[PDB]
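So basically every Cβ, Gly included, is an ideal-geometry build from the backbone, and we count neighbours across all protein chains shown. A short reminder: the numbers here are calculations on the coordinates, not readings from a lab.
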Amino acid sequence: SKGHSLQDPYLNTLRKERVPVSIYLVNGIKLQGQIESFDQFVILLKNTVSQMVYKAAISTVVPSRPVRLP
Amino acid sequence: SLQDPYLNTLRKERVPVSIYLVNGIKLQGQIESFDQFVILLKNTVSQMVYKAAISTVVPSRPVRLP
Amino acid sequence: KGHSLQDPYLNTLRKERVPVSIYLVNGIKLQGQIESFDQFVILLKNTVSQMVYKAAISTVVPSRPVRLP
Amino acid sequence: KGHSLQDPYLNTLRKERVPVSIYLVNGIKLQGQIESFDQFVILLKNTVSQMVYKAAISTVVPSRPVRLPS
Amino acid sequence: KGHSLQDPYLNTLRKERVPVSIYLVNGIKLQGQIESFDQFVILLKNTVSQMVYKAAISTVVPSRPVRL
Amino acid sequence: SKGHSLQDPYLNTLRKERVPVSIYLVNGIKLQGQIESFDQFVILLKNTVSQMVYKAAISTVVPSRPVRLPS
Ligand SMILES: [Zn+2]
Ligand SMILES: [Zn+2]
Ligand SMILES: [Zn+2]
Ligand SMILES: [Zn+2]
Ligand SMILES: [Zn+2]
Ligand SMILES: [Zn+2]
Ligand SMILES: [Zn+2]
Ligand SMILES: [Zn+2]
């Protein structure tokens with residue numbers, strides 16, 4: 001296992017399938033919404049209010065319903 | 001990147017944003033300028049922010065990238 | 001030299017479905033099984049599955065002895 | 001855009017011996033003048049001089065406005 | 001080089017099987033013996049082996065003095 | 001402006017002249033001792049006794065007395 005071989009498809013699936021996710025920050029704050037876009041550094045989280053999240057600040061990404069990866 | 005168009009949009013359009021630090025602290029103002037590692041946030045006081053200490057950037061209003 | 005320990009270790013936990021505790025850098029403790037992982041993240045399965053960034057992990061503690069191949 | 005903003009800013013602050021406050025990621029506030037810097041550290045001069053790792057800095061806040069050109 | 005200090009330091013602790021304290025950036029204190037290590041993690045053996053990410057480590061403190 | 005052009009001379013100086021220093025960690029903690037050595041990633045802090053410190057965990061290094069740098 002190497003590179004983003006898991007992260008990319010995982011996030012890309014949450015995105016393509018517009019899955020409601022909770023994103024827990026290292027500082028203990030919880031964000032919620034849908035992944036609109038992402039790259040090596042950040043994730044765009046769309047909600048009542050959209051926002052750009054730095055991945056280096058993310059602890060865990062918890063999908064609201066189970067997700068199967070290709 | 002997603003980061004560059006995003007921030008440059010906020011800059012160009014002078015969008016009021018809230019930057020939450022990696023320690024919970026919130027900063028408010030406008031993205032005056034930025035490079036790969038820092039952002040200049042202009043308010044009644046202008047200040048340089050290290051991206052590495054940012055958790056999330058939240059625009060006051062919705063924005064769209066071309 | 002960076003992978004020679006980490007990957008065999010994570011893979012072994014994965015292959016043998018060993019229950020692990022994953023302590024986060026903010027002091028929170030997660031539990032489950034290592035379903036998959038790459039260079040940057042780990043997929044942890046419990047009743048509720050979740051993706052964990054390695055950069056937020058301090059330590060990984062298996063529920064029982066794990067021998068490296 | 002690389003250091004295009006960071007170098008000029010820091011170099012300007014150093015050149016003009018501008019008083020600054022440096023807030024660390026842990027909320028701690030340092031104060032004094034930027035005497036020098038490299039890719040990783042800043043030398044902050046005051047009654048006590050000290051070497052600050054950039055990785056530990058949240059924000060750098062000048063005591064007065066600065067003109068952008070290095 | 002890249003590791004001219006870190007490697008010999010950790011290797012010596014691994015060889016002499018010296019009991020060490022590993023303080024994490026978040027305060028917590030781990031204890032045991034360095035069983036093995038690579039560039040990014042340390043395997044710390046106590047009641048059972050735990051893998052410690054180097055990025056989360058503040059300081060490594062041996063129970064007794066060590067010569068490089 | 002590039003590399004450890006400042007970090008190395010400074011750290012090398014503290015080591016050469018065996019200056020007592022305080023090293024404040026990102027978590028607030030404060031370590032004291034003398035810089036015995038360092039490389040790209042860590043600093044060896046000689047006290048009673050020697051402690052390896054990750055640079056990634058350090059916020060600031062404060063010498064006990066003023067320190068001049070070469071040229
Ligand atoms: Zn890998
Ligand atoms: Zn990716
Ligand atoms: Zn860019
Ligand atoms: Zn627009
Ligand atoms: Zn086994
Ligand atoms: Zn090495
Ligand atoms: Zn530069
Ligand atoms: Zn160096």
| message | Of all residues being of a type outside the set (D, E, K, R) and out of contact with any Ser or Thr (no Cβ under 9 Å at 6 or more places or on another chain) in the range B:39-51, which is nearest to ligand 7 (Cβ to nearest atom)? Just the residue, please. | response | B:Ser46
| within 15 Å of C:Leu43 (Cα to Cα), surrounded by 14 or more Cβ atoms within 10 Å (Cβ to Cβ), over 10 Å from the mean Cα position of the chain (by Cα) and not polar (S, T, N, Q), is that true of A:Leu6? | yes
| said: Just the residues that are closer than 21 Å to A:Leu69 by Cβ, surrounded by fewer than 18 Cβ atoms within 10 Å (Cβ to Cβ) and in contact (Cβ under 8 Å) with a residue 24 or more places away in the chain, please, taken from the range A:13-39. | reply: A:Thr13, A:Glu17, A:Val19, A:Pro20, A:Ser22
| field | Qualifying positions in the range A:1-35 - assigned to a loop (DSSP other than H, G, I, E, B), more than 16 Å from ligand 1 (Cβ to nearest atom) and touching a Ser or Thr at 6+ places or on another chain (Cβ under 9 Å) | value | A:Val19, A:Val26, A:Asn27, A:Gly28, A:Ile29
| task | Mind listing just one residue for me: the one in the range B:47-66 that is buried (at least 19 other Cβ atoms within 10 Å of the Cβ) and outside any strand (DSSP E or B) and, of those, nearest to the other protein chains (Cβ to nearest Cβ)? | result | B:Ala53
